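Here is the structure we will look at.
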Amino acid sequence: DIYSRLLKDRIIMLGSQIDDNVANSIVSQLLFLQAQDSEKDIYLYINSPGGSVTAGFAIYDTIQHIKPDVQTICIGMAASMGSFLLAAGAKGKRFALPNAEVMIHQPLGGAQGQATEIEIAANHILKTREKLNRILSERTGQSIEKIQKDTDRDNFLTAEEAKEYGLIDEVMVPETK
Amino acid sequence: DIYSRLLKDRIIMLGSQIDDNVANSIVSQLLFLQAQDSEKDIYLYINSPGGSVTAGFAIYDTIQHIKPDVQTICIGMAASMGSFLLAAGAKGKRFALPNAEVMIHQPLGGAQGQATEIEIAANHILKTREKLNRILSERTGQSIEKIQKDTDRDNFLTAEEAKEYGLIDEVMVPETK
Amino acid sequence: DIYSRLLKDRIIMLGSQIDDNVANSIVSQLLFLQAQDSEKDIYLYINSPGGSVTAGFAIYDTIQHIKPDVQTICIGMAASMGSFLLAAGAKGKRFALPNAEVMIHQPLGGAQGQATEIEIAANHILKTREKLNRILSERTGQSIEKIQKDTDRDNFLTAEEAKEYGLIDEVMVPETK
Amino acid sequence: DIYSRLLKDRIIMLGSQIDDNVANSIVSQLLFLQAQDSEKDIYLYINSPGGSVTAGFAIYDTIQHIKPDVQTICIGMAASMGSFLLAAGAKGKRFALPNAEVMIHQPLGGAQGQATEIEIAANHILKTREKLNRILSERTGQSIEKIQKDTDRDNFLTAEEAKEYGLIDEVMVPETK
Amino acid sequence: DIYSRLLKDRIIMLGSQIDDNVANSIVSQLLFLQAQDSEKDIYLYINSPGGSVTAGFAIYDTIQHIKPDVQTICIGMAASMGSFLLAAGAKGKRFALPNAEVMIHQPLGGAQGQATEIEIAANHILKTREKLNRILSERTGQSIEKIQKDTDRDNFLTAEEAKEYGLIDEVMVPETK
Amino acid sequence: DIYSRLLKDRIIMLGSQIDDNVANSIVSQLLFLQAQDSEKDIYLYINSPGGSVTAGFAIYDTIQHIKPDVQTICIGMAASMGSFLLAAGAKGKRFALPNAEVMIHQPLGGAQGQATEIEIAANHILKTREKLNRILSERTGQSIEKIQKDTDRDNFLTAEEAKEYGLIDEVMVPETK
Amino acid sequence: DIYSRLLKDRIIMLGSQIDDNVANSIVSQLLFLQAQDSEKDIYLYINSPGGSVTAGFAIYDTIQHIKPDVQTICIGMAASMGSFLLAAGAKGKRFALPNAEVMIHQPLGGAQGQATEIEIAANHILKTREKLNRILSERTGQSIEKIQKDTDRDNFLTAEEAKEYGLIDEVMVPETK
Amino acid sequence: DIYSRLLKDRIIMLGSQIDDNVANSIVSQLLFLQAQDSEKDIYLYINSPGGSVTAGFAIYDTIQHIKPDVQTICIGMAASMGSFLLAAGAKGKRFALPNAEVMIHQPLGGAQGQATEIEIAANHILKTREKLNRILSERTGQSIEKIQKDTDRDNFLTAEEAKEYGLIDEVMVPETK
Amino acid sequence: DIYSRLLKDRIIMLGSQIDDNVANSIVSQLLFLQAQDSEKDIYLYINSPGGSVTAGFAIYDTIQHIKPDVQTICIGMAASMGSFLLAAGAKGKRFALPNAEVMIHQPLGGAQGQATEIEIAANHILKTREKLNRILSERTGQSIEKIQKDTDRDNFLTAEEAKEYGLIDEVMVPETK
Ligand SMILES: CC(C)C[C@H](NC(=O)[C@H](Cc1c[nH]c2ccccc12)NC(=O)c1cc(Cl)ccc1Cl)B(O)O
Ligand SMILES: CC(C)C[C@H](NC(=O)[C@H](Cc1c[nH]c2ccccc12)NC(=O)c1cc(Cl)ccc1Cl)B(O)O
Ligand SMILES: CC(C)C[C@H](NC(=O)[C@H](Cc1c[nH]c2ccccc12)NC(=O)c1cc(Cl)ccc1Cl)B(O)O
Ligand SMILES: CC(C)C[C@H](NC(=O)[C@H](Cc1c[nH]c2ccccc12)NC(=O)c1cc(Cl)ccc1Cl)B(O)O
Ligand SMILES: CC(C)C[C@H](NC(=O)[C@H](Cc1c[nH]c2ccccc12)NC(=O)c1cc(Cl)ccc1Cl)B(O)O
Ligand SMILES: CC(C)C[C@H](NC(=O)[C@H](Cc1c[nH]c2ccccc12)NC(=O)c1cc(Cl)ccc1Cl)B(O)O
Ligand SMILES: CC(C)C[C@H](NC(=O)[C@H](Cc1c[nH]c2ccccc12)NC(=O)c1cc(Cl)ccc1Cl)B(O)O
Ligand SMILES: CC(C)C[C@H](NC(=O)[C@H](Cc1c[nH]c2ccccc12)NC(=O)c1cc(Cl)ccc1Cl)B(O)O
Ligand SMILES: CC(C)C[C@H](NC(=O)[C@H](Cc1c[nH]c2ccccc12)NC(=O)c1cc(Cl)ccc1Cl)B(O)O
């Protein structure tokens with residue numbers, strides 16, 4: 001209704017910025033679908049400009065953790081945290097529509113206060129970047145140094161280039177649902 | 001609905017800042033579940049950057065007060081009051097997902113007025129800090145003096161570090177709901 | 001729902017500032033529960049930073065007026081008008097959770113206009129303070145003179161200190177709902 | 001619900017400023033309860049700081065018009081138009097709770113524009129004052145001159161003094177609903 | 001400079017709204033010019049949309065009081081208080097340029113607060129209107145009831161109609177300074 | 001300085017919107033230059049988008065009243081009241097530079113209040129429009145009816161079109177000062 | 001310049017609200033004139049709607065303190081602190097122009113904070129009102145209780161009424177500088 | 001000019017809040033006057049509602065440091081830091097005009113940030129209070145414990161009470177400059 | 001004037017936050033006093049809450065560069081960069097008045113953008129901190145580690161403690177200019 005009816009078909013729509021509210025809703029729907037049936041696939045549609053790293057990791061870890069395969073399907077755009085969750089779907093079941101776009105880039109943040117507070121914030125966001133680089137590296141088959149170089153600034157990829165990159169497994173063609 | 005549906009499985013989702021409204025909601029849900037069944041465990045997911053000390057304590061004392069064990073599960077991030085409540089779960093039943101982050105730091109506040117009013121407010125927040133340090137020492141095994149030094153500035157912990165710190169008992173591995 | 005299902009258990013949640021809207025809601029629930037059953041206790045949980053004196057008195061006089069005993073349970077914080085209503089529960093049925101805070105202080109207000117109007121507002125808030133002191137004297141056993149001195153500025157009390165002051169009867173211990 | 005449930009016991013809750021929207025709701029509820037039963041009393045609880053004179057008169061005249069007796073019960077504060085509606089209840093059935101506050105004062109207003117516009121607005125509010133004094137006189141037994149003098153500035157009354165004045169008939173004592 | 005140079009020729013320019021600042025400056029210039037020479041005429045140019053009644057009366061009474069004849073010359077527009085000061089120049093020496101405009105209308109004000117404060121405000125602005133009607137009546141040769149009727153709303157007069165009205169003595173024609 | 005130094009050359013610069021302050025300055029400069037010499041020409045440069053009708057008539061009538069010829073020279077733009085004041089210069093001495101623009105249109109205004117107030121304001125602005133049409137008719141040799149039609153909406157003219165219209169006498173050619 | 005030239009004639013223009021800056025300016029001018037000549041009178045024109053009590057008292061006591069007589073001359077309006085200073089001129093040398101208005105009323109202020117702070121502010125402004133009443137009684141010949149009643153609300157006086165009240169000595173007539 | 005011409009008479013005017021800008025001006029004037037003449041008295045008039053403690057101490061220490069005696073004359077009001085500087089003038093040369101007010105109270109401030117920053121700010125402002133109490137003790141002959149209690153809240157003093165307190169030496173009486 | 005005349009006594013007044021405008025002014029005054037005379041001492045008064053590090057370094061290095069000794073005199077408060085410039089005065093000629101305040105603390109900053117930008121900003125302010133510690137160490141005789149530890153949070157010092165610390169050479173006593 002309309003999402004509630006698609007939920008009955010094990011479909012979840014991720015169609016916005018990823019903040020704490022959106023993460024909790026997505027995680028709750030993943031938990032629910034598994035409680036309903038722990039074997040059948042889940043279908044996660046992603047059209048998102050990104051969002052918070054920790055909200056993204058709530059979703060990522062919940063995907064990794066439950067028993068069902070979570071298929072990921074990029075429609076429109078999956079950028080930043082959105083392309084991270086796209087790459088998080090079950091290997092072999094990560095898709096993009098032919099004109100969907102994918103963007104990857106390094107994390108952003110802020111820091112204010114005493115020199116020692118700024119340095120704690122700096123160190124924390126550097127450690128977070130290395131963790132993201134490492135995980136995306138394992139999700140894509142790329143080296144860590146390739147991820148670091150390719151995310152230094154915004155890096156826009158077509159569906160076909162995202163497949164060659166390893167972020168998705170197949171570009172979805174029409175005539176099938 | 002979707003949280004109403006998870007509530008039938010005795011799951012509470014704490015996914016935001018902890019203000020007085022959030023705290024009454026969590027407290028009410030804790031009371032509701034005990035009233036339906038005072039023996040079965042409750043599952044409290046925490047994704048929270050923290051919030052008010054007194055709202056936190058409404059949740060904390062209610063967790064300790066009811067008969068059911070309250071399992072705490074950190075997804076994404078438990079910072080500040082979020083990690084105090086994470087530590088507050090039933091011992092042996094405090095978890096974090098593998099990429100969740102935990103952060104601890106001393107309390108923050110504000111004071112304006114006459115010198116004597118500012119002294120009253122300084123004395124109250126120092127006493128609040130001694131009360132928080134004492135309870136976290138009891139919950140983790142760290143000494144009060146170590147809690148004091150370790151919370152002087154922001155202190156970010158991975159899941160495994162939260163385990164060794166004593167804030168949780170196990171890092172959750174996948175292949176199990 | 002969630003408060004509605006707790007209502008069925010004769011539980012009323014007071015978890016915000018006390019204004020006219022909040023007071024009207026709490027009086028109604030009290031009135032409602034007496035109509036349902038005039039003998040069975042009511043349970044009033046208090047987490048409030050205070051609020052309006054006249055709205056508080058609407059709750060106070062309604063609590064004293066109905067037949068059911070109204071138990072007061074402080075979770076988190078009962079400050080200012082919050083702690084006055086905490087002290088207003090049936091004697092022997094006024095509680096605080098072990099880490100809840102209680103605070104008492106004199107009333108605050110404002111006045112603007114002609115010298116004559118400022119005098120009228122000052123006289124009114126002073127008489128209101130004497131009325132509050134007299135009632136709190138009756139509820140706690142402390143003398144009016146001691147309440148006057150102890151509320152001159154903000155006075156924060158632990159649960160145990162609130163018991164020795166007479167604001168509550170017991171600190172509630174765990175292992176019981 | 002919660003007010004709908006109490007309306008089935010012929011209770012109406014007036015707990016805000018009296019404006020046009022509030023007056024329509026109160027008038028409607030009065031009209032509705034008469035329609036259901038034109039003989040049984042109605043219970044109007046009043047916790048109001050006052051409000052619009054014409055909105056107040058919509059309520060006042062509806063109280064006088066309908067067949068049922070309308071008991072007024074002051075909880076918290078009946079100020080300005082609030083206290084006028086308090087005096088409007090059926091004689092013998094006008095109550096205040098022991099610590100409720102009653103306030104009377106003359107009407108306030110504003111005028112802007114040409115001198116003749118300002119004169120028209122002044123004459124209208126002076127006439128309105130004489131109408132209100134004349135009615136409060138019939139309702140209380142005080143003379144118009146005494147009302148005139150006693151409302152020149154804000155006049156705060158305890159529940160007992162409001163009884164001595166004629167605004168209410170009885171202070172309500174406990175051990176009864 | 002440029003006004004200071006014209007001041008040496010005994011010319012004052014009133015070219016703005018009449019507030020207390022402007023009145024103080026015009027009055028100071030009148031006092032100065034008389035101090036320089038108490039017998040030669042002064043030339044007051046008026047282009048003004050009006051302003052405060054009391055600021056206007058500061059200027060009016062200073063014109064009436066000093067020894068020199070004050071000639072008044074309307075250029076552009078003299079409305080409200082501006083047409084009052086125009087009519088206040090020495091009889092026989094009040095002028096308008098051929099296309100200048102004159103407007104007369106009743107005073108405007110505001111009033112807020114208690115009925116008795118609004119009535120004092122109304123009474124004062126009505127007495128002020130009668131005083132203005134009376135003085136303008138004597139300046140123009142019209143009856144008081146004619147002034148009252150013609151100022152009920154905004155009343156725009158050409159220079160020629162201002163001369164027939166009595167507000168000015170001659171329409172100034174060209175080829176002279 | 002630098003305008004003050006052009007003043008000693010009998011040059012006035014009108015380079016902005018015409019309000020009461022600007023009219024005051026221009027009138028004062030006109031009075032001042034006649035004071036210095038009643039015979040020699042004045043030179044009024046006009047680059048103005050227009051402005052207030054009454055402020056414009058203060059300048060217009062002062063131009064007409066004084067003894068010296070006032071030459072008018074359009075540089076850049078003379079629109080609305082600016083082109084009215086361009087046409088006001090001494091006949092035979094009204095100029096535009098080759099690329100100057102002139103614009104004529106009917107007056108604009110506003111009104112709010114009671115129907116009879118709106119009628120007073122409408123009648124006043126229609127009457128002002130007939131006065132402006134008649135003066136421009138005398139200044140240009142065009143008939144009032146043709147002014148009426150040609151000003152119904154914004155009517156932009158080149159310098160050559162303004163000379164054919166009668167608004168200026170000559171388009172000023174270079175090689176002279 | 002223009003006030004600097006008038007200061008050469010020992011004239012001070014008080015033409016605005018009385019705030020601390022205005023008061024320091026007036027006080028400095030008073031001291032300046034005494035320093036040039038401690039024997040010749042000073043002329044203080046007052047057109048003022050009032051202002052701060054303590055800034056008024058800085059002017060007042062300085063007027064009383066210096067050797068020169070200070071003549072007070074009301075043009076336009078002396079209201080509130082303005083009429084207190086008018087009354088403060090050297091006896092026999094307090095004037096108003098014939099259409100000047102004088103207004104007297106009780107002081108206004110504001111208080112917010114704790115009951116005891118509001119009591120302190122109420123007490124200070126009542127004692128300030130008794131001080132102002134006592135001095136106005138001495139300057140006018142009215143008894144303190146008549147001042148008290150007459151300033152309860154705004155009390156507008158003509159020049160002749162201000163003379164009969166004792167606030168000035170003479171109404172100024174024309175034909176004299 | 002006007003303050004400039006008073007400066008030549010060794011008169012300094014302190015008539016506003018005391019911030020760094022004001023303090024820098026007053027210190028400069030004091031330094032300047034000492035350079036001109038190290039032996040002749042300086043006259044410092046005070047009409048100030050107070051201001052910053054450190055800016056005040058910049059003025060205070062400069063007054064004690066220079067050779068010339070600095071007379072302090074309170075006109076209007078010396079409150080807070082204003083009354084501290086009043087008490088700082090050369091003993092026997094500290095004055096108030098008869099209707100000037102004096103007010104003393106404890107310092108006010110604000111703190112925001114971590115618990116340990118709030119503690120640092122509280123300790124600082126308390127130490128500052130003790131330093132001010134000790135110095136006022138020396139300036140007035142009152143004990144520290146009596147200043148502590150008498151400044152707990154706003155303490156308004158007449159000129160006569162300020163003399164009995166020791167804040168000034170004499171009330172200045174008229175017929176002397 | 002008043003600062004221009006003090007400048008002829010080779011005095012400079014630093015009495016505000018230190019930004020680029022203030023630094024340019026101070027640097028220029030130093031450059032100008034050296035131009036006038038390269039041997040006579042300069043007197044820099046400091047009442048500053050601090051400000052920009054690079055602005056302060058513009059002043060610091062100019063003090064070190066010019067020929068004359070630059071004496072520094074703390075009046076009121078030298079905080080942050082203020083206390084750094086205080087220590088920058090010629091050794092043996094760094095003073096504080098007896099009640100002046102000195103405060104030292106570490107630098108503060110802000111950073112926003114990509115992780116690599118935040119790292120660049122953190123490294124730059126850490127390097128700035130080591131530079132400031134190193135200079136203050138040479139200026140005071142304290143070790144860098146002690147400076148480091150003593151500036152971790154705001155550190156307030158009396159004038160006497162600033163002497164003991166090595167920020168100044170003497171506390172200035174009175175009876176001397
Ligand atoms: C690279 C990609 C996989 C993730 C991107 N998200 C981010 O880069 C980071 C989240 C983050 C990590 N460490 C931080 C330290 C301080 C602040 C924020 C952060 N933050 C934001 O976007 C952001 C920043 C602010 Cl200040 C407020 C709200 C948000 Cl949501 B993306 O664009 O989806
Ligand atoms: C250490 C950790 C377990 C708690 C942290 N919470 C806090 O530190 C404190 C709550 C508090 C305790 N005593 C106070 C005295 C004055 C003001 C606030 C407080 N306050 C805030 O956070 C805050 C502050 C303001 Cl002004 C407004 C709203 C909030 Cl909610 B965290 O970050 O979760
Ligand atoms: C001591 C304790 C038991 C009560 C405290 N409440 C109060 O002190 C008083 C209510 C009151 C009584 N007499 C008044 C006269 C004028 C204005 C307000 C009041 N007022 C406020 O709090 C307040 C004040 C304003 Cl201006 C606006 C909104 C509110 Cl709600 B606490 O903090 O709970
Ligand atoms: C004496 C008592 C029984 C009633 C009081 N109500 C009033 O005095 C009057 C209503 C009124 C009557 N004649 C008027 C003429 C002009 C404007 C308002 C009015 N007005 C307000 O209250 C008010 C005023 C404004 Cl401007 C805006 C909104 C409101 Cl709601 B009380 O305080 O309950
Ligand atoms: C008829 C004509 C000769 C004068 C006109 N002036 C006025 O009508 C009156 C001044 C006045 C007299 N008694 C009052 C009572 C209350 C308020 C204002 C007034 N007031 C304003 O214009 C106005 C009003 C406000 Cl609220 C603020 C600023 C101003 Cl300046 B005109 O248009 O020149
Ligand atoms: C045809 C040409 C020679 C004049 C044009 N000026 C105008 O048309 C008129 C001035 C005017 C006359 N009678 C009025 C009645 C009500 C309001 C304004 C007016 N008004 C404005 O321009 C305007 C309008 C407002 Cl609402 C505010 C400020 C101004 Cl200045 B032009 O464009 O130079
Ligand atoms: C009766 C007559 C001779 C004086 C009148 N002045 C006043 O009545 C009083 C000054 C005053 C005395 N005790 C106070 C306590 C609190 C606040 C203000 C005051 N205050 C204001 O007017 C006002 C009020 C505020 Cl909040 C701010 C700025 C001002 Cl300037 B009048 O109208 O000239
Ligand atoms: C008792 C009397 C002799 C002085 C009073 N001044 C003060 O009490 C203090 C100054 C001060 C001392 N230690 C502080 C610590 C933190 C902040 C301020 C301070 N502060 C203010 O006044 C204030 C406060 C703020 Cl937040 C902003 C601007 C100012 Cl200027 B009075 O009223 O003259
Ligand atoms: C330790 C002491 C000797 C100096 C202190 N000054 C500072 O700490 C630093 C200046 C600075 C150095 N490196 C930076 C990197 C990023 C931003 C600012 C800085 N910055 C501010 O003060 C500040 C900060 C902002 Cl964001 C805006 C305006 C200012 Cl002016 B103090 O308090 O005098």
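Following the order of the structure tokens, first chain is A, next is B, and so on, with residues numbered from 1 inside each chain and ligands from 1 in the order they appear.
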Show me which bits of chain F are within 9 Å of chain E, counting only C-alpha atoms, as a PyMOL selection string.
chain F and resi 20-21+23-25+28-29+31-32+34-35+38+53-62+64-68+116-117+120-121+124+131
Would you save the residues from that selection as a JSON list (two decimals), in the first residue's frame, using C-alpha atoms?
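New file out-v5.json:
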```
[["chain", "number", "residue", "atom", "x", "y", "z"],
["F", 20, "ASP", "CA", 11.41, 63.40, -2.21],
["F", 21, "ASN", "CA", 15.09, 63.49, -1.17],
["F", 23, "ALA", "CA", 13.71, 66.38, -5.61],
["F", 24, "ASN", "CA", 14.82, 68.36, -2.54],
["F", 25, "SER", "CA", 18.44, 68.23, -3.68],
["F", 28, "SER", "CA", 17.83, 73.34, -3.82],
["F", 29, "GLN", "CA", 20.53, 73.32, -6.50],
["F", 31, "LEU", "CA", 17.36, 77.82, -6.20],
["F", 32, "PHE", "CA", 21.07, 78.09, -5.40],
["F", 34, "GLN", "CA", 19.58, 81.28, -9.63],
["F", 35, "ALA", "CA", 20.81, 82.99, -6.45],
["F", 38, "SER", "CA", 19.58, 84.87, -12.61],
["F", 53, "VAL", "CA", 4.85, 62.13, -9.46],
["F", 54, "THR", "CA", 4.75, 64.78, -6.71],
["F", 55, "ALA", "CA", 8.54, 64.73, -6.29],
["F", 56, "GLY", "CA", 8.79, 65.11, -10.08],
["F", 57, "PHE", "CA", 6.42, 68.10, -10.05],
["F", 58, "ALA", "CA", 8.49, 69.78, -7.34],
["F", 59, "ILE", "CA", 11.38, 69.75, -9.86],
["F", 60, "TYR", "CA", 9.20, 70.55, -12.90],
["F", 61, "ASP", "CA", 7.57, 73.61, -11.34],
["F", 62, "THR", "CA", 10.90, 74.85, -9.96],
["F", 64, "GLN", "CA", 9.55, 76.63, -14.83],
["F", 65, "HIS", "CA", 9.52, 79.18, -12.02],
["F", 66, "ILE", "CA", 13.14, 80.36, -12.07],
["F", 67, "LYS", "CA", 14.54, 82.99, -14.43],
["F", 68, "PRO", "CA", 17.44, 81.09, -16.11],
["F", 116, "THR", "CA", -14.92, 54.43, -0.80],
["F", 117, "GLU", "CA", -11.17, 54.71, -0.05],
["F", 120, "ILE", "CA", -10.90, 58.23, -3.76],
["F", 121, "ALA", "CA", -7.47, 56.86, -4.74],
["F", 124, "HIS", "CA", -7.02, 60.92, -7.69],
["F", 131, "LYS", "CA", -2.92, 66.64, -15.62]]
```
Produce as a ChimeraX atom specification the set of residues near ligand 1, where near means within 8 Å with only C-alpha atoms and all ligand atoms considered.
/A:17-19,49-54,56,79-84,104-111,121,124-125,128-129,132 /I:112,114
Could those residues be written to a file, using C-alpha atoms, as a PDB file, in the first residue's frame?
```pdb
ATOM      1  CA  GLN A  17      18.907   9.524   1.241  1.00  0.00           C
ATOM      2  CA  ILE A  18      20.165   6.986   3.785  1.00  0.00           C
ATOM      3  CA  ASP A  19      19.729   8.445   7.261  1.00  0.00           C
ATOM      4  CA  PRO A  49      21.969   9.584  -3.577  1.00  0.00           C
ATOM      5  CA  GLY A  50      23.703   8.126  -0.496  1.00  0.00           C
ATOM      6  CA  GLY A  51      23.781   9.150   3.133  1.00  0.00           C
ATOM      7  CA  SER A  52      25.297   8.459   6.517  1.00  0.00           C
ATOM      8  CA  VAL A  53      28.120   5.915   6.828  1.00  0.00           C
ATOM      9  CA  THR A  54      26.839   4.347  10.066  1.00  0.00           C
ATOM     10  CA  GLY A  56      24.609   2.541   5.697  1.00  0.00           C
ATOM     11  CA  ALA A  79      25.682   6.859  -5.438  1.00  0.00           C
ATOM     12  CA  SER A  80      27.970   7.014  -2.485  1.00  0.00           C
ATOM     13  CA  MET A  81      26.440   4.852   0.225  1.00  0.00           C
ATOM     14  CA  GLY A  82      23.875   3.743  -2.323  1.00  0.00           C
ATOM     15  CA  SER A  83      26.496   2.125  -4.555  1.00  0.00           C
ATOM     16  CA  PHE A  84      28.071   0.555  -1.443  1.00  0.00           C
ATOM     17  CA  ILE A 104      31.563   6.141  -6.021  1.00  0.00           C
ATOM     18  CA  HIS A 105      33.597   8.671  -4.034  1.00  0.00           C
ATOM     19  CA  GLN A 106      35.474   8.954  -0.750  1.00  0.00           C
ATOM     20  CA  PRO A 107      33.565   9.929   2.443  1.00  0.00           C
ATOM     21  CA  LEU A 108      32.926  13.519   3.530  1.00  0.00           C
ATOM     22  CA  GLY A 109      32.572  15.069   6.938  1.00  0.00           C
ATOM     23  CA  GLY A 110      33.197  17.992   9.208  1.00  0.00           C
ATOM     24  CA  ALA A 111      35.208  18.888  12.265  1.00  0.00           C
ATOM     25  CA  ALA A 121      37.786  13.544  13.984  1.00  0.00           C
ATOM     26  CA  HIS A 124      38.306   8.600  12.751  1.00  0.00           C
ATOM     27  CA  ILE A 125      37.263   9.556   9.208  1.00  0.00           C
ATOM     28  CA  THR A 128      36.473   4.796   8.237  1.00  0.00           C
ATOM     29  CA  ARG A 129      37.710   5.373   4.682  1.00  0.00           C
ATOM     30  CA  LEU A 132      35.150   1.234   3.340  1.00  0.00           C
TER      31      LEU A 132
ATOM     32  CA  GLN I 112      34.725  20.289   6.278  1.00  0.00           C
ATOM     33  CA  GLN I 114      36.271  15.063   1.739  1.00  0.00           C
TER      34      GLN I 114
END
```
Where does DSSP see strand (DSSP E) in chain G, if you list the residues as a ChimeraX atom specification?
/G:11-14,42-48,70-79,94-96,101-104,108-114,155-158,170-171
Surrounding residues of residue F:91 excluding itself and chain neighbours under 5 positions, 12 Å, only C-alpha atoms, as a PyMOL selection string:
chain F and resi 64+69-72+86+138-141+166-170
Two-atom distance - atom CA of residue F:8, atom CA of residue F:26 (Å):
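Taking atom CA of residue F:8 as the start and atom CA of residue F:26 as the end point, the length is 14.6 Å.
If you look at atom CA of residue D:88 and atom CA of residue E:118, they are 27.4 Å away from each other.
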Work out how far atom CA of residue E:85 is from atom 27 (C, counted along the ligand's line) of ligand 6, in Å to one decimal.
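Rounded to one decimal, the two atoms are 24.1 Å apart.
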